[PDB]
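What's in run-v8.cif: mmCIF, N, CA and C atoms
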data_my_file
loop_
_atom_site.label_atom_id
_atom_site.label_comp_id
_atom_site.auth_asym_id
_atom_site.auth_seq_id
_atom_site.Cartn_x
_atom_site.Cartn_y
_atom_site.Cartn_z
N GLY A 1 0.82 -1.20 0.00
CA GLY A 1 0.00 0.00 0.00
C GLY A 1 0.87 1.26 0.00
N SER A 2 0.64 2.10 1.00
CA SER A 2 1.39 3.33 1.13
C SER A 2 1.11 4.24 -0.07
N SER A 3 0.47 5.36 0.21
CA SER A 3 0.14 6.32 -0.83
C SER A 3 -0.49 7.57 -0.22
N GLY A 4 -1.58 7.36 0.50
CA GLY A 4 -2.28 8.45 1.14
C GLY A 4 -1.40 9.13 2.19
N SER A 5 -1.13 8.39 3.26
CA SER A 5 -0.30 8.90 4.33
C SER A 5 1.17 8.51 4.10
N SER A 6 2.06 9.41 4.49
CA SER A 6 3.48 9.17 4.33
C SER A 6 3.95 8.12 5.34
N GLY A 7 5.08 7.50 5.01
CA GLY A 7 5.64 6.48 5.88
C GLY A 7 5.91 7.03 7.28
N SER A 8 5.18 6.50 8.24
CA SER A 8 5.33 6.94 9.62
C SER A 8 6.81 6.93 10.01
N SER A 9 7.41 5.76 9.90
CA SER A 9 8.82 5.60 10.24
C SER A 9 9.69 6.07 9.07
N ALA A 10 10.54 7.05 9.37
CA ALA A 10 11.43 7.59 8.36
C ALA A 10 12.65 8.22 9.05
N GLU A 11 12.37 9.22 9.88
CA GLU A 11 13.43 9.90 10.60
C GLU A 11 13.20 9.80 12.11
N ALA A 12 14.30 9.75 12.84
CA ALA A 12 14.23 9.65 14.29
C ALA A 12 14.10 11.05 14.89
N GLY A 13 15.13 11.86 14.65
CA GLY A 13 15.14 13.22 15.16
C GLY A 13 13.76 13.87 15.03
N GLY A 14 13.15 14.12 16.18
CA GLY A 14 11.84 14.73 16.22
C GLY A 14 11.84 15.99 17.09
N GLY A 15 10.65 16.34 17.57
CA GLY A 15 10.50 17.51 18.41
C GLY A 15 9.31 18.36 17.97
N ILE A 16 8.18 18.12 18.62
CA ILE A 16 6.97 18.86 18.31
C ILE A 16 6.55 19.68 19.52
N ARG A 17 6.71 20.99 19.39
CA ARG A 17 6.35 21.90 20.47
C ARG A 17 7.08 21.51 21.76
N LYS A 18 6.99 22.40 22.74
CA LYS A 18 7.63 22.16 24.02
C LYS A 18 6.56 21.87 25.08
N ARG A 19 7.00 21.32 26.20
CA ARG A 19 6.10 20.99 27.28
C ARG A 19 5.11 22.14 27.52
N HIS A 20 3.93 21.99 26.93
CA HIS A 20 2.90 23.00 27.07
C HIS A 20 2.39 23.02 28.51
N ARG A 21 1.38 23.85 28.74
CA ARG A 21 0.80 23.97 30.06
C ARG A 21 0.16 22.65 30.49
N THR A 22 0.92 21.90 31.28
CA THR A 22 0.44 20.61 31.76
C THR A 22 -0.11 20.74 33.18
N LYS A 23 -0.96 19.80 33.54
CA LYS A 23 -1.57 19.80 34.86
C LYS A 23 -1.71 18.35 35.36
N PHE A 24 -0.57 17.76 35.67
CA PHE A 24 -0.54 16.39 36.15
C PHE A 24 -1.09 16.30 37.58
N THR A 25 -2.19 15.59 37.72
CA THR A 25 -2.82 15.42 39.02
C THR A 25 -2.24 14.20 39.73
N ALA A 26 -2.60 14.08 41.01
CA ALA A 26 -2.12 12.97 41.81
C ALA A 26 -2.12 11.69 40.96
N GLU A 27 -3.14 11.57 40.13
CA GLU A 27 -3.26 10.42 39.26
C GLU A 27 -2.11 10.37 38.26
N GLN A 28 -2.13 11.33 37.35
CA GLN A 28 -1.09 11.42 36.33
C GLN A 28 0.30 11.40 36.98
N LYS A 29 0.43 12.19 38.04
CA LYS A 29 1.69 12.27 38.76
C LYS A 29 2.11 10.87 39.21
N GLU A 30 1.29 10.29 40.07
CA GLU A 30 1.57 8.96 40.58
C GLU A 30 1.71 7.96 39.43
N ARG A 31 0.78 8.07 38.48
CA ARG A 31 0.79 7.19 37.33
C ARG A 31 2.19 7.16 36.70
N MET A 32 2.70 8.34 36.42
CA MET A 32 4.02 8.47 35.82
C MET A 32 5.11 7.99 36.78
N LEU A 33 4.96 8.38 38.03
CA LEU A 33 5.92 8.00 39.06
C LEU A 33 6.04 6.47 39.09
N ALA A 34 4.89 5.82 39.08
CA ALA A 34 4.85 4.37 39.11
C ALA A 34 5.50 3.82 37.84
N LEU A 35 5.28 4.54 36.75
CA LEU A 35 5.83 4.14 35.46
C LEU A 35 7.35 4.35 35.48
N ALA A 36 7.74 5.56 35.86
CA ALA A 36 9.15 5.90 35.92
C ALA A 36 9.89 4.86 36.77
N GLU A 37 9.26 4.51 37.89
CA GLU A 37 9.85 3.53 38.79
C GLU A 37 9.74 2.13 38.20
N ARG A 38 9.02 2.04 37.09
CA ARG A 38 8.84 0.77 36.41
C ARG A 38 9.78 0.66 35.21
N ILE A 39 9.79 1.72 34.41
CA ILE A 39 10.63 1.76 33.23
C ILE A 39 12.04 2.21 33.63
N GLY A 40 12.08 3.08 34.63
CA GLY A 40 13.35 3.60 35.12
C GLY A 40 13.53 5.06 34.71
N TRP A 41 12.46 5.83 34.88
CA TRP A 41 12.49 7.24 34.54
C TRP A 41 13.17 7.38 33.17
N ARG A 42 13.05 6.33 32.38
CA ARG A 42 13.65 6.33 31.05
C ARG A 42 12.63 5.87 30.01
N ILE A 43 13.05 5.92 28.75
CA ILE A 43 12.18 5.52 27.66
C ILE A 43 12.99 4.71 26.64
N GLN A 44 12.38 3.63 26.17
CA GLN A 44 13.03 2.77 25.20
C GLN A 44 12.02 2.29 24.15
N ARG A 45 12.54 1.67 23.11
CA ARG A 45 11.70 1.16 22.04
C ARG A 45 10.97 -0.10 22.50
N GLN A 46 11.30 -0.54 23.70
CA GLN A 46 10.68 -1.73 24.27
C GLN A 46 9.51 -1.34 25.17
N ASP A 47 9.73 -0.32 25.97
CA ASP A 47 8.71 0.16 26.88
C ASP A 47 7.64 0.92 26.09
N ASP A 48 7.97 1.18 24.83
CA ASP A 48 7.05 1.90 23.96
C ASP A 48 5.62 1.40 24.20
N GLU A 49 5.43 0.12 23.95
CA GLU A 49 4.13 -0.49 24.13
C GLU A 49 3.49 -0.01 25.43
N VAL A 50 4.34 0.16 26.44
CA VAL A 50 3.87 0.62 27.74
C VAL A 50 3.70 2.14 27.71
N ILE A 51 4.72 2.81 27.18
CA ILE A 51 4.69 4.26 27.08
C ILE A 51 3.42 4.69 26.36
N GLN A 52 3.30 4.25 25.12
CA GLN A 52 2.13 4.59 24.31
C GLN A 52 0.85 4.14 25.01
N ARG A 53 0.88 2.90 25.49
CA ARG A 53 -0.27 2.34 26.18
C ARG A 53 -0.66 3.22 27.37
N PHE A 54 0.34 3.51 28.20
CA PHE A 54 0.11 4.34 29.37
C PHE A 54 -0.53 5.68 28.98
N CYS A 55 -0.23 6.11 27.77
CA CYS A 55 -0.77 7.36 27.27
C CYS A 55 -2.25 7.15 26.93
N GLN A 56 -2.63 5.88 26.87
CA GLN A 56 -4.01 5.53 26.56
C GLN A 56 -4.85 5.52 27.83
N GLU A 57 -4.21 5.13 28.93
CA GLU A 57 -4.89 5.08 30.21
C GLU A 57 -4.89 6.46 30.87
N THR A 58 -3.84 7.21 30.60
CA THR A 58 -3.71 8.55 31.16
C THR A 58 -4.14 9.60 30.13
N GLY A 59 -3.37 9.69 29.06
CA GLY A 59 -3.66 10.64 28.01
C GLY A 59 -2.51 11.64 27.84
N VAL A 60 -1.48 11.45 28.64
CA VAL A 60 -0.32 12.32 28.59
C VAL A 60 0.50 12.00 27.34
N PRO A 61 1.06 13.08 26.73
CA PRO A 61 1.86 12.93 25.52
C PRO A 61 3.24 12.36 25.85
N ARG A 62 3.71 11.49 24.97
CA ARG A 62 5.01 10.87 25.16
C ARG A 62 6.07 11.93 25.47
N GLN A 63 6.17 12.90 24.57
CA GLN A 63 7.13 13.98 24.74
C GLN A 63 7.07 14.53 26.17
N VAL A 64 5.87 14.50 26.73
CA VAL A 64 5.66 14.99 28.08
C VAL A 64 6.12 13.93 29.08
N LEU A 65 5.68 12.70 28.84
CA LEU A 65 6.03 11.59 29.71
C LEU A 65 7.56 11.49 29.80
N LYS A 66 8.22 12.08 28.81
CA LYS A 66 9.67 12.06 28.77
C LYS A 66 10.21 13.20 29.64
N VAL A 67 10.05 14.41 29.14
CA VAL A 67 10.51 15.59 29.86
C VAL A 67 10.03 15.52 31.31
N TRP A 68 8.76 15.17 31.46
CA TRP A 68 8.16 15.06 32.78
C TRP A 68 9.20 14.44 33.72
N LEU A 69 9.57 13.21 33.41
CA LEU A 69 10.55 12.50 34.22
C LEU A 69 11.68 13.45 34.59
N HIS A 70 12.15 14.19 33.60
CA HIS A 70 13.23 15.14 33.81
C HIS A 70 12.73 16.30 34.67
N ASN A 71 11.51 16.74 34.37
CA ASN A 71 10.91 17.84 35.10
C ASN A 71 10.65 17.40 36.54
N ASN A 72 10.64 16.09 36.74
CA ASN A 72 10.40 15.53 38.06
C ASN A 72 11.74 15.16 38.69
N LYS A 73 12.33 14.09 38.18
CA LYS A 73 13.60 13.62 38.69
C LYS A 73 14.62 14.76 38.64
N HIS A 74 15.80 14.49 39.18
CA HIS A 74 16.86 15.48 39.20
C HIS A 74 16.38 16.72 39.95
N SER A 75 16.27 16.58 41.26
CA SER A 75 15.82 17.68 42.10
C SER A 75 14.34 17.97 41.84
N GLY A 76 13.55 17.85 42.90
CA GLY A 76 12.12 18.09 42.80
C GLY A 76 11.37 17.43 43.95
N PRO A 77 10.05 17.19 43.71
CA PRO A 77 9.21 16.56 44.71
C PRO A 77 9.50 15.06 44.81
N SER A 78 10.56 14.74 45.53
CA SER A 78 10.96 13.35 45.71
C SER A 78 10.38 12.81 47.02
N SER A 79 9.75 11.65 46.91
CA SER A 79 9.16 11.02 48.08
C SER A 79 9.68 9.59 48.22
N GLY A 80 9.51 8.82 47.16
CA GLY A 80 9.96 7.44 47.16
C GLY A 80 11.39 7.33 46.62
#

Could you express the structure from this file as structure tokens?
Amino acid sequence: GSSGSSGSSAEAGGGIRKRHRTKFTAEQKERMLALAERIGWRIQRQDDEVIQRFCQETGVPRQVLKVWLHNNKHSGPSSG
């Protein structure tokens, strides 16, 4: 096939907008925290299924789920 929509996979280097006005609630917060503590505050082509999936249960954008970790980890509201 391939004709209407362009090949999804082509280039790696991405970057769509910056962390917009987010409002992670105890849910999203904890959700990510539990994820970060699950994936390792990291992202891989393996956890993708989880990353993307988690975005289905939460709704947070990957790009956010990424920076978030950074916006969280490395000095911040650390509890666990």

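Minimum atom-to-atom distance to residue 35 in chain A, evaluated using only C-alpha atoms, belongs to A:53 out of A:53, A:74, A:18, A:23.
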
### Task
Could you please determine the separation between atom C of residue 13 in chain A and atom N of residue 63 in chain A in Å, to one decimal place?
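Calculated distance between atom C of residue 13 in chain A and atom N of residue 63 in chain A is 12.2 Å.
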
### Message
I'd like to see the residues matched by the PyMOL selection byres (((chain A and resi 54-57 and name CA) around 12) and name CA) on this file, and ideally I'd get them as a ChimeraX atom specification.
### Response
/A:27-28,31-36,38-39,47-53,58-66

### Query
atom N of residue 67 in chain A to atom C of residue 7 in chain A: how many Å, to one decimal?
23.4 Å

## Note on the structure
From atom C of residue 17 in chain A to CA of residue 4 in chain A the spacing works out at 26.1 Å

### Query
Where does DSSP see helix (DSSP H, G or I) in range 21-80 of chain A, if you list the residues as a PyMOL selection string?
chain A and resi 26-40+48-57+62-72

Produce a file of the selected residues containing N, CA and C atoms, as a CSV table (one decimal), in the frame of the given file.
chain,number,residue,atom,x,y,z
A,26,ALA,N,-2.6,14.1,41.0
A,26,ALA,CA,-2.1,13.0,41.8
A,26,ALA,C,-2.1,11.7,41.0
A,27,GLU,N,-3.1,11.6,40.1
A,27,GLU,CA,-3.3,10.4,39.3
A,27,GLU,C,-2.1,10.4,38.3
A,28,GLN,N,-2.1,11.3,37.4
A,28,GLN,CA,-1.1,11.4,36.3
A,28,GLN,C,0.3,11.4,37.0
A,29,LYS,N,0.4,12.2,38.0
A,29,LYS,CA,1.7,12.3,38.8
A,29,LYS,C,2.1,10.9,39.2
A,30,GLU,N,1.3,10.3,40.1
A,30,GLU,CA,1.6,9.0,40.6
A,30,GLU,C,1.7,8.0,39.4
A,31,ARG,N,0.8,8.1,38.5
A,31,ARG,CA,0.8,7.2,37.3
A,31,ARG,C,2.2,7.2,36.7
A,32,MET,N,2.7,8.3,36.4
A,32,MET,CA,4.0,8.5,35.8
A,32,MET,C,5.1,8.0,36.8
A,33,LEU,N,5.0,8.4,38.0
A,33,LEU,CA,5.9,8.0,39.1
A,33,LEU,C,6.0,6.5,39.1
A,34,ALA,N,4.9,5.8,39.1
A,34,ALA,CA,4.8,4.4,39.1
A,34,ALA,C,5.5,3.8,37.8
A,35,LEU,N,5.3,4.5,36.8
A,35,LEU,CA,5.8,4.1,35.5
A,35,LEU,C,7.4,4.4,35.5
A,36,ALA,N,7.7,5.6,35.9
A,36,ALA,CA,9.2,5.9,35.9
A,36,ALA,C,9.9,4.9,36.8
A,37,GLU,N,9.3,4.5,37.9
A,37,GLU,CA,9.8,3.5,38.8
A,37,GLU,C,9.7,2.1,38.2
A,38,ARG,N,9.0,2.0,37.1
A,38,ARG,CA,8.8,0.8,36.4
A,38,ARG,C,9.8,0.7,35.2
A,39,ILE,N,9.8,1.7,34.4
A,39,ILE,CA,10.6,1.8,33.2
A,39,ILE,C,12.0,2.2,33.6
A,40,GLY,N,12.1,3.1,34.6
A,40,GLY,CA,13.4,3.6,35.1
A,40,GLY,C,13.5,5.1,34.7
A,48,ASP,N,8.0,1.2,24.8
A,48,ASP,CA,7.0,1.9,24.0
A,48,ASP,C,5.6,1.4,24.2
A,49,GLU,N,5.4,0.1,24.0
A,49,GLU,CA,4.1,-0.5,24.1
A,49,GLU,C,3.5,0.0,25.4
A,50,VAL,N,4.3,0.2,26.4
A,50,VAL,CA,3.9,0.6,27.7
A,50,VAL,C,3.7,2.1,27.7
A,51,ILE,N,4.7,2.8,27.2
A,51,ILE,CA,4.7,4.3,27.1
A,51,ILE,C,3.4,4.7,26.4
A,52,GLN,N,3.3,4.2,25.1
A,52,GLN,CA,2.1,4.6,24.3
A,52,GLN,C,0.8,4.1,25.0
A,53,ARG,N,0.9,2.9,25.5
A,53,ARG,CA,-0.3,2.3,26.2
A,53,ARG,C,-0.7,3.2,27.4
A,54,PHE,N,0.3,3.5,28.2
A,54,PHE,CA,0.1,4.3,29.4
A,54,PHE,C,-0.5,5.7,29.0
A,55,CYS,N,-0.2,6.1,27.8
A,55,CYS,CA,-0.8,7.4,27.3
A,55,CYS,C,-2.2,7.2,26.9
A,56,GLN,N,-2.6,5.9,26.9
A,56,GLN,CA,-4.0,5.5,26.6
A,56,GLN,C,-4.8,5.5,27.8
A,57,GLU,N,-4.2,5.1,28.9
A,57,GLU,CA,-4.9,5.1,30.2
A,57,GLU,C,-4.9,6.5,30.9
A,62,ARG,N,3.7,11.5,25.0
A,62,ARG,CA,5.0,10.9,25.2
A,62,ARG,C,6.1,11.9,25.5
A,63,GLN,N,6.2,12.9,24.6
A,63,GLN,CA,7.1,14.0,24.7
A,63,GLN,C,7.1,14.5,26.2
A,64,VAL,N,5.9,14.5,26.7
A,64,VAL,CA,5.7,15.0,28.1
A,64,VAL,C,6.1,13.9,29.1
A,65,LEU,N,5.7,12.7,28.8
A,65,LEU,CA,6.0,11.6,29.7
A,65,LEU,C,7.6,11.5,29.8
A,66,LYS,N,8.2,12.1,28.8
A,66,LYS,CA,9.7,12.1,28.8
A,66,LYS,C,10.2,13.2,29.6
A,67,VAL,N,10.0,14.4,29.1
A,67,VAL,CA,10.5,15.6,29.9
A,67,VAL,C,10.0,15.5,31.3
A,68,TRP,N,8.8,15.2,31.5
A,68,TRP,CA,8.2,15.1,32.8
A,68,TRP,C,9.2,14.4,33.7
A,69,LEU,N,9.6,13.2,33.4
A,69,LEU,CA,10.6,12.5,34.2
A,69,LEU,C,11.7,13.4,34.6
A,70,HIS,N,12.2,14.2,33.6
A,70,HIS,CA,13.2,15.1,33.8
A,70,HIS,C,12.7,16.3,34.7
A,71,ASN,N,11.5,16.7,34.4
A,71,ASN,CA,10.9,17.8,35.1
A,71,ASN,C,10.6,17.4,36.5
A,72,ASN,N,10.6,16.1,36.7
A,72,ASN,CA,10.4,15.5,38.1
A,72,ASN,C,11.7,15.2,38.7
